[PDB]
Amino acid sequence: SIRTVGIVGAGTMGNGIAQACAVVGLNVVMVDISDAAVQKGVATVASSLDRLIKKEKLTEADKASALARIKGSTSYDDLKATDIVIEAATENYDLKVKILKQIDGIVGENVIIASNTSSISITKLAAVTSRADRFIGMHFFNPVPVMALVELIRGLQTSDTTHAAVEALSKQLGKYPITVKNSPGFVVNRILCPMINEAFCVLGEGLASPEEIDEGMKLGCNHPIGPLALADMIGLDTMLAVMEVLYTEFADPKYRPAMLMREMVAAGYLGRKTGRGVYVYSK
């Protein structure tokens, strides 16, 4: 069984995963490059725990009982303690290779190595490690504490065993796991993002105003947020990049990025993270 989870990366995501494993009882060995980054990782887990204490959730005795389980190191032989390591540091391909290569040097043949992503080919990664059959892709969703789902992405090489284990691990963490053969955009992004794109196409064409496009979809398909407002939340540079991956990996102009999405990105109007995108925001 998997009693001890490895985690390389202590940023937004890695805190997420770690917490999600701790508030359950699994031992996390978290790892990063400085002690500063590591404790900043712990501060966030605690801080988020104290929100839950506040809205009558959990207890004061779990904020405690969890953290005990988080062994947060800056050395990487520490990960031998683990049954599985999840890389959660980077969407940079060449850095990812190194990290996984290094993780692959430390732990034993039978340990599973995972890698969080939204865009990187799981098959292309798995192939850089010693045991490719022991590699699997994961993709958690962005406020990891509360979101109850993971895309589990099988490289061409991932084994049935490697799958079932991490299938079960996810189920323990309290999320429903989707299973997906490695493909550009996996499942969620594959269908969600080309829709966001189609909203930009519609707005580009002069067919309707942004606020009315967004309301159309809200009221018409009872979506929580309209795709444009949503695009502003995700990041229009994050959107363009996904569409570029879609178009490039499938080599099909079906996934042509919208031209207005290109223009906004060139202008720097990237959304909420710059105050201006489809809509204007404060700061």
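Note that residue numbering follows the sequence shown and begins at 1.
Between 200-208 and 170-178, the higher mean Cα B-factor belongs to 170-178.
For the segment pair 149-157 and 104-112, the entry gives 104-112 the higher mean B-factor, averaged over Cα atoms. The entry assigns its greatest Cα B factor, within the set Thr129, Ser183, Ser73, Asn189, to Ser73. Within the selection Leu228, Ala66, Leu236, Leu246, the deposited Cα B-factor values reach their highest point at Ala66. Among the modelled residues of its chain, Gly41 has a C-alpha B-factor that falls in the highest third according to the deposited record. Looking at the C-alpha B-factors along this chain, the one for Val278 belongs to the lowest third. Among the modelled residues of its chain, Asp232 has a C-alpha B-factor that falls in the lowest third according to the deposited record.
Annotation for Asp252: C-alpha temperature factor in the lowest third relative to the rest of the modelled chain, per the entry. Residue-level temperature factors show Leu270 in the lowest third of its chain, judged at the C-alpha atom.
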